[PDB]
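Trainee: Here it is, the structure in full.
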Amino acid sequence: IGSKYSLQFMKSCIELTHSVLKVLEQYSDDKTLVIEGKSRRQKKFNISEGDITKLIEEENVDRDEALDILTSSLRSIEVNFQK
Amino acid sequence: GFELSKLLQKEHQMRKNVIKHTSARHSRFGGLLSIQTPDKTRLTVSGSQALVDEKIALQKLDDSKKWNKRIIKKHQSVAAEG
Amino acid sequence: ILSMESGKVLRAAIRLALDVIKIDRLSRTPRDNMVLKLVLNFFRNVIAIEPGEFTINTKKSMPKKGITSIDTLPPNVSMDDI
Amino acid sequence: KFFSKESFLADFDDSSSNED
Amino acid sequence: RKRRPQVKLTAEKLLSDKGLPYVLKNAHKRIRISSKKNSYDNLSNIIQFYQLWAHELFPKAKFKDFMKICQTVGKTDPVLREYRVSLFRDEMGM
DNA sequence: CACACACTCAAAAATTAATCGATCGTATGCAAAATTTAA
DNA sequence: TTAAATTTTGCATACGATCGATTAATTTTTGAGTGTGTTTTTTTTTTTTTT
């Protein structure tokens, strides 16, 4: 949508896209591209409190925020830089 | 003065490239050139520098037209806001 | 403001601010902090004043003379003072 | 690099006195 | 009083003998890209044949304006689109 | 006296941005079943 | 040796992404219509005043 607007908007499009590709080409081989994504259809999971308690033993967490971590792990995705 | 001397050198190079296109003779010194495509036709241009090189003559033939396309403008609506 | 004996009103405004500042933090009424906001707002008015924009009426067609100037300056005021 | 307010009052009064 | 329509780049204009069939007939003969020439001469030789073709086809518009109206007509006219797919289909058939 | 020179202007239509519509790419639910493990 | 649990894979399907077809504003042009400026001064001769 940049081409309709003024020259300064388009120059900022240049500098922003150059910065985006420069900061994302650093992770082409390192592969560390875990990203919180928006899930669309059902992502509901029947929780297991044994799994919850062993995660409590693992990362030293209360189970309410461990339920928060368990929910937030389900929306985590990975992006491809070629994509 | 260092940056000024570099700016005058840049202006001198651009002025030299401009006066490459400028005719050596005066304005009333009339020179007419008929160019042909390999499809046989006659197109007339008026100039002295355009006599020798094809590109200046074709730039004249592009610039001799008086019809300009519409270029729509956003009208700079940012100034409407405070 | 900027030209009257190199802006002594700026020193007057900061003196009105340090009238507030000399009082302790617990003894300062909110009116004194509003006076501080008044001084900071005065400095933002001094900085923020810029030359205006040239607005034209586009209902009528633009004549052959066109826009001759977009200068929006007072007589004694130049671009260096602003 | 903290700037003190009492230093600004002292500099204000001193530059009122002689202005250098 | 309707006296005249002002002419624009149309579907019948591209499908004439003087048009895109002229391009298919003579573009490979006229265009020469050589590594010995510098890039300015190569690019100007690319522009020159298309500029003469534009000044034979639609002389009312300037050449950048001619490329803009070709972009508009290529986005708009469906006869030009089926001609453009017909060229590709005819060359992949052989 | 009419003949160019310049000023002004309702309508026409190219241009262009906006608004659905068709088609394709994709993620997810479902049916079957090949494999592994137990008695 | 044979039956049940399980996870994988193929397939159908619905939903979003994206280009395309259409269409309504718009604003520049579009010459069409109309108001108006125009020949053009020119030495030549007389008479007077000072030189």
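Following the order of the structure tokens, chains are lettered A, B, ..., residues in each are numbered from 1, and ligands are numbered from 1.
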Kindly provide, as a ChimeraX atom specification, the residues of chain E having any atom no farther than 7 Å from an atom of chain B, counting only C-alpha atoms.
Mentor: /E:60-63,65
Trainee: Output as an MDAnalysis selection string the set of chain C residues within 12 Å of chain G, with distances taken over only C-alpha atoms (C1' of nucleotides).
Mentor: chainID C and resid 58:62
Trainee: Run DSSP on the backbone and grab whatever in chain C lands in alpha helix (DSSP H); send it over as JSON, numbers by chain.
Mentor: {"C": [8, 9, 10, 11, 12, 13, 14, 15, 16, 17, 18, 19, 20, 21, 30, 31, 32, 33, 34, 35, 36, 37, 38, 39, 40, 41, 42, 43, 44, 45, 46, 47, 48]}
Trainee: Based on the selection just made, write N, CA, C and O atoms of those residues as a CSV table (one decimal), in the first residue's frame.
Mentor:
```csv
chain,number,residue,atom,x,y,z
C,8,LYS,N,15.3,38.0,27.3
C,8,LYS,CA,15.3,38.0,28.8
C,8,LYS,C,14.0,37.5,29.4
C,8,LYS,O,14.0,37.1,30.6
C,9,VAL,N,13.0,37.4,28.6
C,9,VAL,CA,11.7,36.8,29.0
C,9,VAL,C,11.9,35.3,29.3
C,9,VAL,O,11.2,34.8,30.2
C,10,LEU,N,12.8,34.6,28.7
C,10,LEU,CA,13.1,33.2,29.0
C,10,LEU,C,13.7,33.1,30.4
C,10,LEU,O,13.4,32.2,31.2
C,11,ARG,N,14.6,34.1,30.8
C,11,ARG,CA,15.1,34.2,32.1
C,11,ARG,C,14.0,34.5,33.1
C,11,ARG,O,14.1,34.0,34.2
C,12,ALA,N,13.1,35.4,32.7
C,12,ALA,CA,11.9,35.7,33.6
C,12,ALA,C,11.1,34.4,33.8
C,12,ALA,O,10.6,34.2,35.0
C,13,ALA,N,10.9,33.6,32.8
C,13,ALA,CA,10.1,32.4,32.9
C,13,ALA,C,10.8,31.4,33.8
C,13,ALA,O,10.1,30.7,34.6
C,14,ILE,N,12.1,31.2,33.6
C,14,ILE,CA,12.8,30.3,34.5
C,14,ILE,C,12.8,30.8,35.9
C,14,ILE,O,12.9,30.0,36.9
C,15,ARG,N,12.9,32.1,36.1
C,15,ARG,CA,12.8,32.6,37.5
C,15,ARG,C,11.4,32.4,38.1
C,15,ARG,O,11.4,32.0,39.3
C,16,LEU,N,10.4,32.5,37.4
C,16,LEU,CA,9.0,32.1,37.9
C,16,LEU,C,9.0,30.6,38.1
C,16,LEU,O,8.2,30.2,39.0
C,17,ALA,N,9.7,29.8,37.4
C,17,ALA,CA,9.8,28.4,37.7
C,17,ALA,C,10.6,28.1,39.0
C,17,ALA,O,10.1,27.3,39.8
C,18,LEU,N,11.7,28.7,39.2
C,18,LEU,CA,12.5,28.5,40.4
C,18,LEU,C,11.9,29.2,41.6
C,18,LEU,O,12.4,28.9,42.7
C,19,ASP,N,10.9,30.0,41.5
C,19,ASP,CA,10.1,30.4,42.6
C,19,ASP,C,9.4,29.2,43.2
C,19,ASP,O,9.3,29.0,44.4
C,20,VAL,N,8.9,28.4,42.3
C,20,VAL,CA,8.2,27.1,42.7
C,20,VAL,C,9.2,26.1,43.2
C,20,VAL,O,9.0,25.5,44.2
C,21,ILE,N,10.4,26.0,42.5
C,21,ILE,CA,11.3,24.9,42.7
C,21,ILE,C,12.0,25.1,44.1
C,21,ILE,O,12.3,24.1,44.8
C,30,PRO,N,-0.5,22.1,44.4
C,30,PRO,CA,-0.7,21.8,43.0
C,30,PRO,C,-0.7,23.0,42.1
C,30,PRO,O,-0.5,22.9,40.9
C,31,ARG,N,-1.1,24.2,42.6
C,31,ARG,CA,-1.0,25.4,41.8
C,31,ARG,C,0.4,25.7,41.4
C,31,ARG,O,0.7,26.3,40.4
C,32,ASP,N,1.4,25.5,42.3
C,32,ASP,CA,2.8,25.7,42.0
C,32,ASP,C,3.3,24.8,40.9
C,32,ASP,O,4.1,25.2,40.0
C,33,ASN,N,2.9,23.5,41.0
C,33,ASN,CA,3.3,22.6,39.9
C,33,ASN,C,2.5,23.0,38.6
C,33,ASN,O,3.1,22.7,37.5
C,34,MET,N,1.3,23.6,38.7
C,34,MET,CA,0.7,24.1,37.5
C,34,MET,C,1.4,25.3,36.9
C,34,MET,O,1.4,25.5,35.7
C,35,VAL,N,2.0,26.1,37.8
C,35,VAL,CA,2.9,27.2,37.3
C,35,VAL,C,4.1,26.6,36.6
C,35,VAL,O,4.6,27.2,35.6
C,36,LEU,N,4.7,25.5,37.1
C,36,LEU,CA,5.8,24.8,36.4
C,36,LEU,C,5.3,24.3,35.1
C,36,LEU,O,6.1,24.5,34.1
C,37,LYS,N,4.1,23.8,35.0
C,37,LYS,CA,3.6,23.4,33.7
C,37,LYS,C,3.3,24.6,32.8
C,37,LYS,O,3.5,24.5,31.6
C,38,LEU,N,3.0,25.7,33.3
C,38,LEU,CA,2.9,27.0,32.6
C,38,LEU,C,4.2,27.4,32.0
C,38,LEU,O,4.2,27.8,30.8
C,39,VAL,N,5.3,27.3,32.7
C,39,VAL,CA,6.6,27.7,32.2
C,39,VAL,C,7.1,26.7,31.1
C,39,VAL,O,7.6,27.1,30.1
C,40,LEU,N,6.9,25.4,31.3
C,40,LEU,CA,7.2,24.4,30.3
C,40,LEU,C,6.4,24.6,29.0
C,40,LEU,O,6.9,24.4,27.9
C,41,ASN,N,5.1,24.9,29.2
C,41,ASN,CA,4.2,25.2,28.1
C,41,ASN,C,4.7,26.4,27.3
C,41,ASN,O,4.6,26.5,26.1
C,42,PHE,N,5.1,27.5,28.1
C,42,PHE,CA,5.7,28.7,27.4
C,42,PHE,C,6.9,28.3,26.5
C,42,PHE,O,7.0,28.9,25.4
C,43,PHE,N,7.8,27.5,27.0
C,43,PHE,CA,8.9,27.1,26.2
C,43,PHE,C,8.5,26.3,25.0
C,43,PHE,O,9.1,26.4,23.9
C,44,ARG,N,7.5,25.4,25.2
C,44,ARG,CA,7.0,24.7,24.0
C,44,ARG,C,6.3,25.6,23.0
C,44,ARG,O,6.3,25.4,21.8
C,45,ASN,N,5.7,26.7,23.5
C,45,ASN,CA,5.1,27.7,22.5
C,45,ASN,C,6.2,28.5,21.8
C,45,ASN,O,6.1,28.8,20.6
C,46,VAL,N,7.3,28.8,22.5
C,46,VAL,CA,8.4,29.5,21.9
C,46,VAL,C,9.1,28.7,20.8
C,46,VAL,O,9.4,29.1,19.7
C,47,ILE,N,9.3,27.4,21.1
C,47,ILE,CA,9.9,26.5,20.1
C,47,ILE,C,9.0,26.2,19.0
C,47,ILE,O,9.3,26.2,17.8
C,48,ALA,N,7.7,25.9,19.3
C,48,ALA,CA,6.8,25.3,18.4
C,48,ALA,C,6.2,26.2,17.3
C,48,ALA,O,5.5,25.7,16.4
```
Trainee: Excluding same-chain residues fewer than 6 positions from residue 45 in chain A, what lies within 10 Å of it counting only C-alpha atoms (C1' of nucleotides), as a PyMOL selection string?
Mentor: chain A and resi 70-71+74
Trainee: Could the residues in this selection be written to a file with N, CA and C atoms, as a PDB file, in the first residue's frame?
Mentor:
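Everything below was put into again05.pdb:
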```
ATOM      1  N   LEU A  70       1.164 -23.313  29.695  1.00  0.00           N
ATOM      2  CA  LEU A  70       0.644 -24.437  28.923  1.00  0.00           C
ATOM      3  C   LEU A  70      -0.272 -23.966  27.805  1.00  0.00           C
ATOM      4  N   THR A  71      -1.056 -22.916  28.058  1.00  0.00           N
ATOM      5  CA  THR A  71      -1.849 -22.335  26.978  1.00  0.00           C
ATOM      6  C   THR A  71      -0.959 -21.630  25.960  1.00  0.00           C
ATOM      7  N   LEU A  74       0.832 -23.622  23.243  1.00  0.00           N
ATOM      8  CA  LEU A  74       0.028 -24.174  22.157  1.00  0.00           C
ATOM      9  C   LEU A  74      -0.068 -23.235  20.960  1.00  0.00           C
TER      10      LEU A  74
END
```
Trainee: Hey, which of G:45, G:29, G:38, G:13 ends up closest to chain E? Count only C-alpha atoms (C1' of nucleotides).
Mentor: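 Among the listed residues, the smallest separation from chain E belongs to G:29.
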Trainee: Considering only C-alpha atoms (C1' of nucleotides), tabulate each residue of chain E that lies at most 12 Å from chain F along with its nearest interatomic pair and the corresponding distance in Å to one decimal; arrange the rows by chain and ascending residue number and present them as a Markdown table.
Mentor:
```
| residue | atom | partner | partner_atom | distance |
| --- | --- | --- | --- | --- |
| E:1 | CA | F:11 | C1' | 10.0 |
| E:2 | CA | F:12 | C1' | 9.0 |
| E:3 | CA | F:12 | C1' | 10.9 |
| E:4 | CA | F:12 | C1' | 10.6 |
| E:5 | CA | F:13 | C1' | 8.7 |
| E:6 | CA | F:13 | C1' | 8.8 |
| E:7 | CA | F:14 | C1' | 10.1 |
| E:8 | CA | F:14 | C1' | 8.5 |
| E:9 | CA | F:14 | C1' | 11.0 |
| E:68 | CA | F:15 | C1' | 11.2 |
| E:69 | CA | F:15 | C1' | 10.1 |
| E:72 | CA | F:15 | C1' | 9.5 |
| E:73 | CA | F:15 | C1' | 11.8 |
```
Trainee: I'd like the neighbourhood of residue 73 in chain B as an mmCIF file with C-alpha atoms, in the first residue's frame, where a residue qualifies if any of its atoms comes within 10 Å (using only C-alpha atoms (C1' of nucleotides)), though same-chain residues fewer than 4 positions away should be ignored.
Mentor:
```
data_model
loop_
_atom_site.group_PDB
_atom_site.id
_atom_site.type_symbol
_atom_site.label_atom_id
_atom_site.label_comp_id
_atom_site.auth_asym_id
_atom_site.auth_seq_id
_atom_site.Cartn_x
_atom_site.Cartn_y
_atom_site.Cartn_z
ATOM 1 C CA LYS A 4 -0.251 5.614 -3.319
ATOM 2 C CA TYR A 5 1.196 7.843 -0.588
ATOM 3 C CA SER A 6 3.992 10.417 -0.423
#
```
Trainee: Counting only C-alpha atoms (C1' of nucleotides), a student should be able to say which residues of chain F come within 12 Å of chain C; what is the right answer, written as number ranges by chain?
Mentor: F: 6-9
Trainee: Write a file of the selected residues as an mmCIF file, in the first residue's frame, keeping C-alpha atoms (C1' of nucleotides).
Mentor:
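Result file is result_37.cif:
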```
data_model
loop_
_atom_site.group_PDB
_atom_site.id
_atom_site.type_symbol
_atom_site.label_atom_id
_atom_site.label_comp_id
_atom_site.auth_asym_id
_atom_site.auth_seq_id
_atom_site.Cartn_x
_atom_site.Cartn_y
_atom_site.Cartn_z
ATOM 1 C "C1'" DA F 6 -7.519 36.528 -24.537
ATOM 2 C "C1'" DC F 7 -10.970 35.139 -20.311
ATOM 3 C "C1'" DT F 8 -14.226 32.171 -18.563
ATOM 4 C "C1'" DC F 9 -16.827 27.895 -18.276
#
```
Trainee: Which neighbours of residue 11 in chain G fall inside 12 Å, counting only C-alpha atoms (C1' of nucleotides), when residues of the same chain fewer than 4 positions from it are skipped, and could you give them as a ChimeraX atom specification?
Mentor: /F:29-32
Trainee: Write a file of the selected residues as a tab-separated table (two decimals), in the first residue's frame, keeping N, CA and C atoms (P, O5', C5', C4', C3', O3' and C1' of nucleotides).
Mentor:
```tsv
chain	number	residue	atom	x	y	z
F	29	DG	P	-9.88	-29.86	14.04
F	29	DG	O5'	-11.03	-30.90	13.65
F	29	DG	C5'	-12.23	-30.43	13.03
F	29	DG	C4'	-12.86	-31.50	12.16
F	29	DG	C3'	-13.05	-32.86	12.83
F	29	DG	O3'	-14.35	-33.35	12.55
F	29	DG	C1'	-11.82	-33.12	10.82
F	30	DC	P	-14.91	-34.66	13.29
F	30	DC	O5'	-14.71	-35.82	12.21
F	30	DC	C5'	-15.26	-35.66	10.91
F	30	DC	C4'	-14.92	-36.85	10.02
F	30	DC	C3'	-14.97	-38.22	10.70
F	30	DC	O3'	-15.59	-39.15	9.83
F	30	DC	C1'	-12.89	-37.92	9.65
F	31	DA	P	-16.28	-40.48	10.40
F	31	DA	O5'	-15.69	-41.64	9.48
F	31	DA	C5'	-15.76	-41.52	8.06
F	31	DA	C4'	-14.79	-42.47	7.37
F	31	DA	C3'	-14.70	-43.87	7.98
F	31	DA	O3'	-14.72	-44.84	6.94
F	31	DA	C1'	-12.54	-42.85	7.94
F	32	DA	P	-14.88	-46.40	7.28
F	32	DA	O5'	-13.42	-46.99	7.02
F	32	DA	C5'	-12.80	-46.77	5.76
F	32	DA	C4'	-11.31	-47.08	5.81
F	32	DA	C3'	-10.95	-48.45	6.38
F	32	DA	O3'	-10.05	-49.09	5.49
F	32	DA	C1'	-9.68	-46.75	7.44
```
Trainee: Which neighbours of range 15-30 of chain E fall inside 8 Å, counting only C-alpha atoms (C1' of nucleotides), when residues of the same chain fewer than 4 positions from it are skipped, and could you give them as a PDB file with C-alpha atoms, in the first residue's frame?
Mentor:
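And here's result-v2.pdb as it stands now:
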```pdb
ATOM      1  CA  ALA E  11      -8.306  -3.619 -28.089  1.00  0.00           C
ATOM      2  CA  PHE E  49      12.645   0.088 -31.010  1.00  0.00           C
ATOM      3  CA  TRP E  53       6.755   1.299 -32.278  1.00  0.00           C
ATOM      4  CA  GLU E  56       3.881   4.492 -35.019  1.00  0.00           C
ATOM      5  CA  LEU E  57       1.059   3.026 -32.900  1.00  0.00           C
TER       6      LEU E  57
END
```
Trainee: Please determine the contact residues of chain B with respect to chain A at a cut-off of 12 Å, counting only C-alpha atoms, and supply them as a JSON list (two decimals) with C-alpha atoms, in the first residue's frame.
Mentor:
```
[["chain", "number", "residue", "atom", "x", "y", "z"],
["B", 71, "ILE", "CA", -1.18, 11.94, -12.45],
["B", 72, "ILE", "CA", -3.56, 11.77, -9.49],
["B", 73, "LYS", "CA", -2.40, 13.38, -6.25],
["B", 74, "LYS", "CA", -3.16, 12.60, -2.60],
["B", 75, "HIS", "CA", -3.38, 16.44, -2.11],
["B", 76, "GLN", "CA", -1.35, 16.15, 1.16],
["B", 77, "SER", "CA", -4.16, 15.52, 3.64],
["B", 78, "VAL", "CA", -1.68, 15.42, 6.57]]
```
Trainee: Between CA of residue 82 in chain B and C1' of residue 27 in chain G, what distance in Å does the model show, to one decimal?
Mentor: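 Taking CA of residue 82 in chain B as the start and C1' of residue 27 in chain G as the end point, the length is 26.6 Å.
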Trainee: Find the residues in chain A near chain F: any atom within 12 Å counts, using only C-alpha atoms (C1' of nucleotides). Write them as a ChimeraX atom specification.
Mentor: /A:4,39-43
Trainee: When you draw a straight line from CA of residue 56 in chain C to CA of residue 68 in chain C, how long is it in Å?
Mentor: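 Taking CA of residue 56 in chain C as the start and CA of residue 68 in chain C as the end point, the length is 12.0 Å.
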Trainee: Could you please write out, as an MDAnalysis selection string, every residue of chain A that DSSP assigns to strand (DSSP E)?
Mentor: chainID A and resid 34:36 76:78
Trainee: Save out the residues we just selected, N, CA, C and O atoms, as a compact mmCIF listing (two decimals), in the first residue's frame.
Mentor:
```txt
# COMPACT_ATOMS: atom_id res chain seq x y z
N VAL A 34 10.92 -19.14 16.98
CA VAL A 34 9.69 -19.43 17.70
C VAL A 34 8.94 -18.12 17.94
O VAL A 34 9.52 -17.11 18.36
N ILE A 35 7.66 -18.10 17.59
CA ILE A 35 6.87 -16.87 17.52
C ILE A 35 5.46 -17.17 18.01
O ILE A 35 4.86 -18.17 17.62
N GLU A 36 4.94 -16.31 18.89
CA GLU A 36 3.55 -16.41 19.30
C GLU A 36 2.63 -16.08 18.13
O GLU A 36 2.68 -14.98 17.58
N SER A 76 2.41 -21.30 20.05
CA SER A 76 3.75 -21.05 19.52
C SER A 76 3.94 -21.76 18.18
O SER A 76 3.67 -22.96 18.06
N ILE A 77 4.40 -21.01 17.17
CA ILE A 77 4.66 -21.55 15.84
C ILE A 77 6.07 -21.15 15.42
O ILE A 77 6.79 -20.47 16.14
N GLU A 78 6.46 -21.62 14.24
CA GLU A 78 7.74 -21.28 13.64
C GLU A 78 7.52 -20.76 12.22
O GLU A 78 6.67 -21.26 11.48
```
Trainee: From the list G:21, G:33, G:15, G:26, which residue is nearest chain B when using only C-alpha atoms (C1' of nucleotides)?
Mentor: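 Answer, going by the shortest atom-to-atom distance: G:26.
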Trainee: Taking only residues of chain G that have an atom at most 12 Å from an atom of chain E, what is each one's shortest atom pair and its distance in Å to one decimal, using only C-alpha atoms (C1' of nucleotides), in chain and number order, as a Markdown table?
Mentor:
```
| residue | atom | partner | partner_atom | distance |
| --- | --- | --- | --- | --- |
| G:19 | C1' | E:75 | CA | 10.6 |
| G:20 | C1' | E:75 | CA | 8.9 |
| G:21 | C1' | E:76 | CA | 8.9 |
| G:22 | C1' | E:76 | CA | 10.6 |
| G:29 | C1' | E:6 | CA | 11.3 |
| G:30 | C1' | E:6 | CA | 10.5 |
| G:31 | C1' | E:3 | CA | 11.7 |
| G:32 | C1' | E:1 | CA | 11.4 |
```
Trainee: Mind writing the picked residues with C-alpha atoms (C1' of nucleotides) as a PDB file, in the first residue's frame?
Mentor:
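This went into result-v4.pdb:
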```pdb
ATOM      1  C1'  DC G  19      -6.461 -11.200  -8.117  1.00  0.00           C
ATOM      2  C1'  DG G  20     -10.106  -9.708 -11.041  1.00  0.00           C
ATOM      3  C1'  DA G  21     -14.519  -7.660 -12.785  1.00  0.00           C
ATOM      4  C1'  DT G  22     -17.270  -3.807 -12.196  1.00  0.00           C
ATOM      5  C1'  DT G  29      -9.837  19.179 -20.028  1.00  0.00           C
ATOM      6  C1'  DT G  30     -12.627  20.921 -23.979  1.00  0.00           C
ATOM      7  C1'  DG G  31     -12.358  23.677 -27.042  1.00  0.00           C
ATOM      8  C1'  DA G  32     -17.144  26.470 -27.025  1.00  0.00           C
TER       9       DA G  32
END
```
